[PDB]
$ cat target_8.pdb   # PDB, C-alpha atoms
ATOM      1  CA  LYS V 282      92.537 194.904 114.529  1.00  0.00           C
ATOM      2  CA  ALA V 283      91.279 191.345 115.111  1.00  0.00           C
ATOM      3  CA  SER V 284      90.544 188.582 112.574  1.00  0.00           C
ATOM      4  CA  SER V 285      89.366 185.667 114.759  1.00  0.00           C
ATOM      5  CA  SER V 286      88.775 183.840 111.457  1.00  0.00           C
ATOM      6  CA  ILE V 287      92.083 184.208 109.570  1.00  0.00           C
ATOM      7  CA  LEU V 288      91.873 181.368 107.036  1.00  0.00           C
ATOM      8  CA  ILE V 289      93.428 181.015 103.547  1.00  0.00           C
ATOM      9  CA  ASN V 290      91.211 180.781 100.446  1.00  0.00           C
ATOM     10  CA  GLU V 291      90.077 177.186  99.865  1.00  0.00           C
ATOM     11  CA  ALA V 292      91.833 177.719  96.500  1.00  0.00           C
ATOM     12  CA  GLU V 293      95.235 177.874  98.260  1.00  0.00           C
ATOM     13  CA  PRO V 294      97.234 175.540 100.515  1.00  0.00           C
ATOM     14  CA  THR V 295      97.507 176.433 104.224  1.00  0.00           C
ATOM     15  CA  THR V 296      99.454 175.382 107.330  1.00  0.00           C
ATOM     16  CA  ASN V 297      97.421 173.930 110.215  1.00  0.00           C
ATOM     17  CA  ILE V 298      98.773 173.702 113.775  1.00  0.00           C
ATOM     18  CA  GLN V 299      96.560 171.546 116.030  1.00  0.00           C
ATOM     19  CA  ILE V 300      96.998 172.055 119.792  1.00  0.00           C
ATOM     20  CA  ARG V 301      95.735 169.500 122.326  1.00  0.00           C
ATOM     21  CA  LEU V 302      95.254 170.447 126.010  1.00  0.00           C
ATOM     22  CA  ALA V 303      96.329 167.817 128.554  1.00  0.00           C
ATOM     23  CA  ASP V 304      92.965 168.106 130.320  1.00  0.00           C
ATOM     24  CA  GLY V 305      91.129 166.919 127.199  1.00  0.00           C
ATOM     25  CA  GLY V 306      91.433 170.153 125.191  1.00  0.00           C
ATOM     26  CA  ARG V 307      91.262 170.563 121.401  1.00  0.00           C
ATOM     27  CA  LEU V 308      91.970 173.605 119.179  1.00  0.00           C
ATOM     28  CA  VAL V 309      92.771 173.675 115.450  1.00  0.00           C
ATOM     29  CA  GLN V 310      94.872 176.582 114.145  1.00  0.00           C
ATOM     30  CA  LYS V 311      95.169 177.144 110.384  1.00  0.00           C
ATOM     31  CA  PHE V 312      97.874 179.584 109.255  1.00  0.00           C
ATOM     32  CA  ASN V 313      99.064 180.660 105.780  1.00  0.00           C
ATOM     33  CA  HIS V 314     102.539 180.777 104.195  1.00  0.00           C
ATOM     34  CA  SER V 315     102.545 184.560 103.670  1.00  0.00           C
ATOM     35  CA  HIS V 316     100.591 185.327 106.857  1.00  0.00           C
ATOM     36  CA  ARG V 317     102.390 185.943 110.227  1.00  0.00           C
ATOM     37  CA  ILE V 318     102.087 184.435 113.745  1.00  0.00           C
ATOM     38  CA  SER V 319     102.023 188.028 114.950  1.00  0.00           C
ATOM     39  CA  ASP V 320      98.345 187.507 114.092  1.00  0.00           C
ATOM     40  CA  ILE V 321      98.211 184.496 116.434  1.00  0.00           C
ATOM     41  CA  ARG V 322      98.379 187.010 119.294  1.00  0.00           C
ATOM     42  CA  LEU V 323      94.894 188.184 118.293  1.00  0.00           C
ATOM     43  CA  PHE V 324      93.747 184.562 117.856  1.00  0.00           C
ATOM     44  CA  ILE V 325      94.564 183.626 121.458  1.00  0.00           C
ATOM     45  CA  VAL V 326      93.017 186.820 122.828  1.00  0.00           C
ATOM     46  CA  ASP V 327      90.078 186.053 120.517  1.00  0.00           C
ATOM     47  CA  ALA V 328      89.170 182.775 122.258  1.00  0.00           C
ATOM     48  CA  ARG V 329      91.562 182.079 125.168  1.00  0.00           C
ATOM     49  CA  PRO V 330      89.117 182.631 128.041  1.00  0.00           C
ATOM     50  CA  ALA V 331      89.784 179.191 129.583  1.00  0.00           C
ATOM     51  CA  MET V 332      93.585 179.447 129.298  1.00  0.00           C
ATOM     52  CA  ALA V 333      93.608 182.991 130.684  1.00  0.00           C
ATOM     53  CA  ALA V 334      97.389 182.928 130.142  1.00  0.00           C
ATOM     54  CA  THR V 335      98.307 179.217 130.206  1.00  0.00           C
ATOM     55  CA  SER V 336     101.736 177.694 129.455  1.00  0.00           C
ATOM     56  CA  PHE V 337     101.366 176.409 125.874  1.00  0.00           C
ATOM     57  CA  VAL V 338     103.929 175.937 123.070  1.00  0.00           C
ATOM     58  CA  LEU V 339     104.124 174.355 119.599  1.00  0.00           C
ATOM     59  CA  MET V 340     107.030 172.862 117.598  1.00  0.00           C
ATOM     60  CA  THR V 341     107.651 171.378 114.133  1.00  0.00           C
ATOM     61  CA  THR V 342     108.344 167.617 114.280  1.00  0.00           C
ATOM     62  CA  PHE V 343     109.661 167.446 110.699  1.00  0.00           C
ATOM     63  CA  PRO V 344     112.775 169.607 111.102  1.00  0.00           C
ATOM     64  CA  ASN V 345     112.544 169.025 114.884  1.00  0.00           C
ATOM     65  CA  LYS V 346     112.814 172.808 115.398  1.00  0.00           C
ATOM     66  CA  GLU V 347     110.980 175.279 117.671  1.00  0.00           C
ATOM     67  CA  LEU V 348     108.738 177.773 115.824  1.00  0.00           C
ATOM     68  CA  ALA V 349     109.557 181.504 116.062  1.00  0.00           C
ATOM     69  CA  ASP V 350     108.368 183.805 113.242  1.00  0.00           C
ATOM     70  CA  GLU V 351     108.526 187.592 113.732  1.00  0.00           C
ATOM     71  CA  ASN V 352     105.980 189.885 112.021  1.00  0.00           C
ATOM     72  CA  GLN V 353     106.341 189.702 108.211  1.00  0.00           C
ATOM     73  CA  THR V 354     104.659 186.814 106.344  1.00  0.00           C
ATOM     74  CA  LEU V 355     104.226 183.482 108.190  1.00  0.00           C
ATOM     75  CA  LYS V 356     106.292 180.997 106.139  1.00  0.00           C
ATOM     76  CA  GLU V 357     109.343 183.307 106.214  1.00  0.00           C
ATOM     77  CA  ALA V 358     109.983 181.724 109.630  1.00  0.00           C
ATOM     78  CA  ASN V 359     111.410 178.811 107.596  1.00  0.00           C
ATOM     79  CA  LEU V 360     109.273 176.498 109.773  1.00  0.00           C
ATOM     80  CA  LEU V 361     106.365 176.474 107.292  1.00  0.00           C
ATOM     81  CA  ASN V 362     105.851 172.693 107.534  1.00  0.00           C
ATOM     82  CA  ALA V 363     102.095 172.907 106.795  1.00  0.00           C
ATOM     83  CA  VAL V 364     101.384 170.798 109.901  1.00  0.00           C
ATOM     84  CA  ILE V 365     102.713 171.943 113.302  1.00  0.00           C
ATOM     85  CA  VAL V 366     102.132 170.349 116.726  1.00  0.00           C
ATOM     86  CA  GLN V 367     101.064 172.556 119.656  1.00  0.00           C
ATOM     87  CA  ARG V 368     101.071 171.130 123.211  1.00  0.00           C
ATOM     88  CA  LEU V 369      98.948 172.852 125.877  1.00  0.00           C
ATOM     89  CA  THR V 370      99.839 172.103 129.521  1.00  0.00           C
TER      90      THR V 370
END
$ encode --input "target_8.pdb" --output "structure tokens"
Amino acid sequence: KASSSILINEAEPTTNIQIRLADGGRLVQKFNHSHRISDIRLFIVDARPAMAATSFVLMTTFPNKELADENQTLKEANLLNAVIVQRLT
């Protein structure tokens, strides 16, 4: 499968993780509460031609915890903070 456009209905709230490359990069990632980062795997492969496997990672600054998730929904990770911070290096 492959969404490449997985977004929640404007009628529902969504989480948005914004990553910023160090070499002037910018990518907005919007995830849902009952979604699943397992889908993120298809997102990167959907438009990660420049990274081609680059060291990037995101973390929640609210609970100062590192994301994780597994495969079920997306908020079940307990990190559903609505706004996550990704750092691409």
$ resolve_selection --input "target_8.pdb" --expression "the PyMOL selection byres ((chain V and resi 324) around 9)" --output "PDB file with C-alpha atoms, in the frame of the given file"
ATOM      1  CA  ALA V 283      91.279 191.345 115.111  1.00  0.00           C
ATOM      2  CA  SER V 284      90.544 188.582 112.574  1.00  0.00           C
ATOM      3  CA  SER V 285      89.366 185.667 114.759  1.00  0.00           C
ATOM      4  CA  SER V 286      88.775 183.840 111.457  1.00  0.00           C
ATOM      5  CA  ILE V 287      92.083 184.208 109.570  1.00  0.00           C
ATOM      6  CA  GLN V 310      94.872 176.582 114.145  1.00  0.00           C
ATOM      7  CA  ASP V 320      98.345 187.507 114.092  1.00  0.00           C
ATOM      8  CA  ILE V 321      98.211 184.496 116.434  1.00  0.00           C
ATOM      9  CA  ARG V 322      98.379 187.010 119.294  1.00  0.00           C
ATOM     10  CA  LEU V 323      94.894 188.184 118.293  1.00  0.00           C
ATOM     11  CA  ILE V 325      94.564 183.626 121.458  1.00  0.00           C
ATOM     12  CA  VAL V 326      93.017 186.820 122.828  1.00  0.00           C
ATOM     13  CA  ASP V 327      90.078 186.053 120.517  1.00  0.00           C
ATOM     14  CA  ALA V 328      89.170 182.775 122.258  1.00  0.00           C
ATOM     15  CA  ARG V 329      91.562 182.079 125.168  1.00  0.00           C
TER      16      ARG V 329
END
$ atom_distance --input "target_8.pdb" --atom1 "CA of residue 340 in chain V" --atom2 "CA of residue 305 in chain V"
19.5 Å
$ resolve_selection --input "target_8.pdb" --expression "the PyMOL selection byres ((chain V and resi 300) around 7)" --output "JSON, numbers by chain"
{"V": [298, 299, 301, 302, 307, 308, 309, 366, 367, 368, 369]}
$ closest_residue --input "target_8.pdb" --among "V:370, V:295, V:290, V:319" --to "residue 339 in chain V" --atoms "all atoms listed in the file"
V:370
$ resolve_selection --input "target_8.pdb" --expression "the PyMOL selection byres ((chain V and resi 344) around 12)" --output "PyMOL selection string"
chain V and resi 340-343+345-348+359-365
$ atom_distance --input "target_8.pdb" --atom1 "CA of residue 296 in chain V" --atom2 "CA of residue 352 in chain V"
16.6 Å
$ residues_around --input "target_8.pdb" --residues "residue 354 in chain V" --least-positions-apart "3" --cutoff "9 Å" --atoms "all atoms listed in the file" --output "PyMOL selection string"
chain V and resi 313-318+350-351+357-358
$ write_last_selection --input "target_8.pdb" --atoms "C-alpha atoms" --output "PDB file, in the frame of the given file"
ATOM      1  CA  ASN V 313      99.064 180.660 105.780  1.00  0.00           C
ATOM      2  CA  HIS V 314     102.539 180.777 104.195  1.00  0.00           C
ATOM      3  CA  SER V 315     102.545 184.560 103.670  1.00  0.00           C
ATOM      4  CA  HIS V 316     100.591 185.327 106.857  1.00  0.00           C
ATOM      5  CA  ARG V 317     102.390 185.943 110.227  1.00  0.00           C
ATOM      6  CA  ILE V 318     102.087 184.435 113.745  1.00  0.00           C
ATOM      7  CA  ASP V 350     108.368 183.805 113.242  1.00  0.00           C
ATOM      8  CA  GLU V 351     108.526 187.592 113.732  1.00  0.00           C
ATOM      9  CA  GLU V 357     109.343 183.307 106.214  1.00  0.00           C
ATOM     10  CA  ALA V 358     109.983 181.724 109.630  1.00  0.00           C
TER      11      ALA V 358
END
$ atom_distance --input "target_8.pdb" --atom1 "CA of residue 336 in chain V" --atom2 "CA of residue 306 in chain V"
13.5 Å
$ closest_residue --input "target_8.pdb" --among "V:332, V:349, V:355, V:288" --to "residue 311 in chain V" --atoms "only C-alpha atoms"
V:288
$ axis_aligned_box --input "target_8.pdb" --around "range 308-319 of chain V" --padding-each-side "8 Å" --output "JSON"
{"center_x": 97.3, "center_y": 180.8, "center_z": 111.4, "size_x": 26.6, "size_y": 30.4, "size_z": 31.5}
$ decode --input "target_8.pdb" --residues "range 310-344 of chain V" --atoms "N, CA, C and O atoms" --output "PDB file, in the first residue's frame"
ATOM      1  N   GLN V 310       4.773  17.034   8.791  1.00  0.00           N
ATOM      2  CA  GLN V 310       4.151  15.685   8.836  1.00  0.00           C
ATOM      3  C   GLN V 310       2.903  15.719   9.717  1.00  0.00           C
ATOM      4  O   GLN V 310       2.978  15.966  10.906  1.00  0.00           O
ATOM      5  N   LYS V 311       1.757  15.475   9.148  1.00  0.00           N
ATOM      6  CA  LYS V 311       0.512  15.491   9.964  1.00  0.00           C
ATOM      7  C   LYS V 311       0.051  14.060  10.228  1.00  0.00           C
ATOM      8  O   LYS V 311      -0.191  13.297   9.315  1.00  0.00           O
ATOM      9  N   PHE V 312      -0.075  13.694  11.472  1.00  0.00           N
ATOM     10  CA  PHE V 312      -0.515  12.309  11.798  1.00  0.00           C
ATOM     11  C   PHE V 312      -1.831  12.359  12.581  1.00  0.00           C
ATOM     12  O   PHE V 312      -2.234  13.396  13.064  1.00  0.00           O
ATOM     13  N   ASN V 313      -2.511  11.251  12.702  1.00  0.00           N
ATOM     14  CA  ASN V 313      -3.802  11.254  13.451  1.00  0.00           C
ATOM     15  C   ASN V 313      -3.644  10.562  14.802  1.00  0.00           C
ATOM     16  O   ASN V 313      -2.601  10.024  15.124  1.00  0.00           O
ATOM     17  N   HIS V 314      -4.675  10.571  15.607  1.00  0.00           N
ATOM     18  CA  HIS V 314      -4.589   9.915  16.942  1.00  0.00           C
ATOM     19  C   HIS V 314      -4.822   8.412  16.808  1.00  0.00           C
ATOM     20  O   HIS V 314      -4.245   7.617  17.523  1.00  0.00           O
ATOM     21  N   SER V 315      -5.663   8.008  15.897  1.00  0.00           N
ATOM     22  CA  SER V 315      -5.915   6.548  15.722  1.00  0.00           C
ATOM     23  C   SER V 315      -5.245   6.054  14.440  1.00  0.00           C
ATOM     24  O   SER V 315      -5.690   5.111  13.814  1.00  0.00           O
ATOM     25  N   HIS V 316      -4.184   6.690  14.046  1.00  0.00           N
ATOM     26  CA  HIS V 316      -3.471   6.279  12.804  1.00  0.00           C
ATOM     27  C   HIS V 316      -2.371   5.251  13.147  1.00  0.00           C
ATOM     28  O   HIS V 316      -2.667   4.176  13.630  1.00  0.00           O
ATOM     29  N   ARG V 317      -1.119   5.558  12.912  1.00  0.00           N
ATOM     30  CA  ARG V 317      -0.011   4.596  13.219  1.00  0.00           C
ATOM     31  C   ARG V 317       1.261   5.027  12.470  1.00  0.00           C
ATOM     32  O   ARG V 317       1.269   5.150  11.264  1.00  0.00           O
ATOM     33  N   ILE V 318       2.333   5.257  13.176  1.00  0.00           N
ATOM     34  CA  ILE V 318       3.601   5.676  12.499  1.00  0.00           C
ATOM     35  C   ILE V 318       4.051   4.588  11.535  1.00  0.00           C
ATOM     36  O   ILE V 318       4.777   4.834  10.595  1.00  0.00           O
ATOM     37  N   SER V 319       3.582   3.394  11.736  1.00  0.00           N
ATOM     38  CA  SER V 319       3.948   2.308  10.795  1.00  0.00           C
ATOM     39  C   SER V 319       3.686   2.843   9.388  1.00  0.00           C
ATOM     40  O   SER V 319       4.317   2.450   8.425  1.00  0.00           O
ATOM     41  N   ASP V 320       2.765   3.765   9.285  1.00  0.00           N
ATOM     42  CA  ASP V 320       2.454   4.380   7.964  1.00  0.00           C
ATOM     43  C   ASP V 320       3.560   5.362   7.581  1.00  0.00           C
ATOM     44  O   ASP V 320       3.839   5.600   6.421  1.00  0.00           O
ATOM     45  N   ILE V 321       4.209   5.932   8.564  1.00  0.00           N
ATOM     46  CA  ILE V 321       5.313   6.889   8.273  1.00  0.00           C
ATOM     47  C   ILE V 321       6.337   6.216   7.358  1.00  0.00           C
ATOM     48  O   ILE V 321       6.917   6.835   6.491  1.00  0.00           O
ATOM     49  N   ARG V 322       6.547   4.944   7.550  1.00  0.00           N
ATOM     50  CA  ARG V 322       7.521   4.212   6.696  1.00  0.00           C
ATOM     51  C   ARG V 322       7.202   4.462   5.226  1.00  0.00           C
ATOM     52  O   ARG V 322       8.079   4.692   4.416  1.00  0.00           O
ATOM     53  N   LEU V 323       5.948   4.436   4.880  1.00  0.00           N
ATOM     54  CA  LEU V 323       5.562   4.686   3.462  1.00  0.00           C
ATOM     55  C   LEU V 323       5.703   6.177   3.142  1.00  0.00           C
ATOM     56  O   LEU V 323       5.965   6.555   2.020  1.00  0.00           O
ATOM     57  N   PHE V 324       5.551   7.018   4.124  1.00  0.00           N
ATOM     58  CA  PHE V 324       5.692   8.485   3.884  1.00  0.00           C
ATOM     59  C   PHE V 324       7.135   8.799   3.482  1.00  0.00           C
ATOM     60  O   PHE V 324       7.394   9.448   2.488  1.00  0.00           O
ATOM     61  N   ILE V 325       8.070   8.329   4.255  1.00  0.00           N
ATOM     62  CA  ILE V 325       9.502   8.581   3.926  1.00  0.00           C
ATOM     63  C   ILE V 325       9.806   8.026   2.541  1.00  0.00           C
ATOM     64  O   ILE V 325      10.290   8.718   1.663  1.00  0.00           O
ATOM     65  N   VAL V 326       9.514   6.774   2.335  1.00  0.00           N
ATOM     66  CA  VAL V 326       9.773   6.161   1.003  1.00  0.00           C
ATOM     67  C   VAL V 326       8.960   6.879  -0.071  1.00  0.00           C
ATOM     68  O   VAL V 326       9.246   6.792  -1.248  1.00  0.00           O
ATOM     69  N   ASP V 327       7.943   7.594   0.328  1.00  0.00           N
ATOM     70  CA  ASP V 327       7.109   8.322  -0.669  1.00  0.00           C
ATOM     71  C   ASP V 327       7.828   9.573  -1.172  1.00  0.00           C
ATOM     72  O   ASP V 327       7.705   9.954  -2.317  1.00  0.00           O
ATOM     73  N   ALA V 328       8.581  10.224  -0.326  1.00  0.00           N
ATOM     74  CA  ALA V 328       9.289  11.459  -0.779  1.00  0.00           C
ATOM     75  C   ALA V 328      10.627  11.646  -0.052  1.00  0.00           C
ATOM     76  O   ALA V 328      10.957  12.735   0.369  1.00  0.00           O
ATOM     77  N   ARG V 329      11.409  10.608   0.085  1.00  0.00           N
ATOM     78  CA  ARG V 329      12.725  10.775   0.769  1.00  0.00           C
ATOM     79  C   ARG V 329      13.875  10.517  -0.214  1.00  0.00           C
ATOM     80  O   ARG V 329      14.814   9.812   0.103  1.00  0.00           O
ATOM     81  N   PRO V 330      13.763  11.102  -1.375  1.00  0.00           N
ATOM     82  CA  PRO V 330      14.813  10.938  -2.417  1.00  0.00           C
ATOM     83  C   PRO V 330      16.089  11.681  -2.011  1.00  0.00           C
ATOM     84  O   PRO V 330      17.189  11.205  -2.231  1.00  0.00           O
ATOM     85  N   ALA V 331      15.962  12.838  -1.426  1.00  0.00           N
ATOM     86  CA  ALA V 331      17.177  13.602  -1.013  1.00  0.00           C
ATOM     87  C   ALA V 331      17.845  12.920   0.181  1.00  0.00           C
ATOM     88  O   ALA V 331      19.048  12.743   0.214  1.00  0.00           O
ATOM     89  N   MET V 332      17.077  12.530   1.158  1.00  0.00           N
ATOM     90  CA  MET V 332      17.668  11.854   2.347  1.00  0.00           C
ATOM     91  C   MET V 332      18.328  10.546   1.921  1.00  0.00           C
ATOM     92  O   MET V 332      19.438  10.235   2.307  1.00  0.00           O
ATOM     93  N   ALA V 333      17.643   9.773   1.135  1.00  0.00           N
ATOM     94  CA  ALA V 333      18.215   8.474   0.686  1.00  0.00           C
ATOM     95  C   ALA V 333      18.798   7.759   1.899  1.00  0.00           C
ATOM     96  O   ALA V 333      19.913   7.273   1.873  1.00  0.00           O
ATOM     97  N   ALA V 334      18.048   7.714   2.965  1.00  0.00           N
ATOM     98  CA  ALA V 334      18.526   7.052   4.218  1.00  0.00           C
ATOM     99  C   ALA V 334      19.399   8.019   5.021  1.00  0.00           C
ATOM    100  O   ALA V 334      20.597   7.837   5.140  1.00  0.00           O
ATOM    101  N   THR V 335      18.808   9.047   5.569  1.00  0.00           N
ATOM    102  CA  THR V 335      19.598  10.030   6.363  1.00  0.00           C
ATOM    103  C   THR V 335      19.288   9.865   7.857  1.00  0.00           C
ATOM    104  O   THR V 335      18.234   9.395   8.231  1.00  0.00           O
ATOM    105  N   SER V 336      20.202  10.238   8.707  1.00  0.00           N
ATOM    106  CA  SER V 336      19.954  10.097  10.172  1.00  0.00           C
ATOM    107  C   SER V 336      18.986  11.177  10.658  1.00  0.00           C
ATOM    108  O   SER V 336      19.362  12.312  10.881  1.00  0.00           O
ATOM    109  N   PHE V 337      17.739  10.829  10.839  1.00  0.00           N
ATOM    110  CA  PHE V 337      16.748  11.828  11.327  1.00  0.00           C
ATOM    111  C   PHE V 337      15.961  11.242  12.502  1.00  0.00           C
ATOM    112  O   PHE V 337      15.767  10.048  12.593  1.00  0.00           O
ATOM    113  N   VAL V 338      15.508  12.068  13.405  1.00  0.00           N
ATOM    114  CA  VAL V 338      14.735  11.537  14.570  1.00  0.00           C
ATOM    115  C   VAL V 338      13.851  12.635  15.165  1.00  0.00           C
ATOM    116  O   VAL V 338      14.188  13.801  15.120  1.00  0.00           O
ATOM    117  N   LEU V 339      12.718  12.280  15.715  1.00  0.00           N
ATOM    118  CA  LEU V 339      11.819  13.293  16.304  1.00  0.00           C
ATOM    119  C   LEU V 339      11.529  12.971  17.779  1.00  0.00           C
ATOM    120  O   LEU V 339      11.648  11.842  18.214  1.00  0.00           O
ATOM    121  N   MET V 340      11.161  13.951  18.551  1.00  0.00           N
ATOM    122  CA  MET V 340      10.867  13.693  19.993  1.00  0.00           C
ATOM    123  C   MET V 340       9.804  14.663  20.507  1.00  0.00           C
ATOM    124  O   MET V 340       9.644  15.756  19.998  1.00  0.00           O
ATOM    125  N   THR V 341       9.075  14.277  21.518  1.00  0.00           N
ATOM    126  CA  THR V 341       8.028  15.185  22.068  1.00  0.00           C
ATOM    127  C   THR V 341       8.641  16.071  23.155  1.00  0.00           C
ATOM    128  O   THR V 341       9.211  15.584  24.118  1.00  0.00           O
ATOM    129  N   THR V 342       8.546  17.364  23.001  1.00  0.00           N
ATOM    130  CA  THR V 342       9.140  18.292  24.007  1.00  0.00           C
ATOM    131  C   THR V 342       8.221  18.462  25.221  1.00  0.00           C
ATOM    132  O   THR V 342       8.662  18.859  26.279  1.00  0.00           O
ATOM    133  N   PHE V 343       6.960  18.168  25.086  1.00  0.00           N
ATOM    134  CA  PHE V 343       6.054  18.325  26.255  1.00  0.00           C
ATOM    135  C   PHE V 343       6.460  17.347  27.363  1.00  0.00           C
ATOM    136  O   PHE V 343       6.969  17.758  28.387  1.00  0.00           O
ATOM    137  N   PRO V 344       6.251  16.076  27.122  1.00  0.00           N
ATOM    138  CA  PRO V 344       6.633  15.052  28.118  1.00  0.00           C
ATOM    139  C   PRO V 344       8.119  14.704  27.960  1.00  0.00           C
ATOM    140  O   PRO V 344       8.587  13.706  28.474  1.00  0.00           O
TER     141      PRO V 344
END
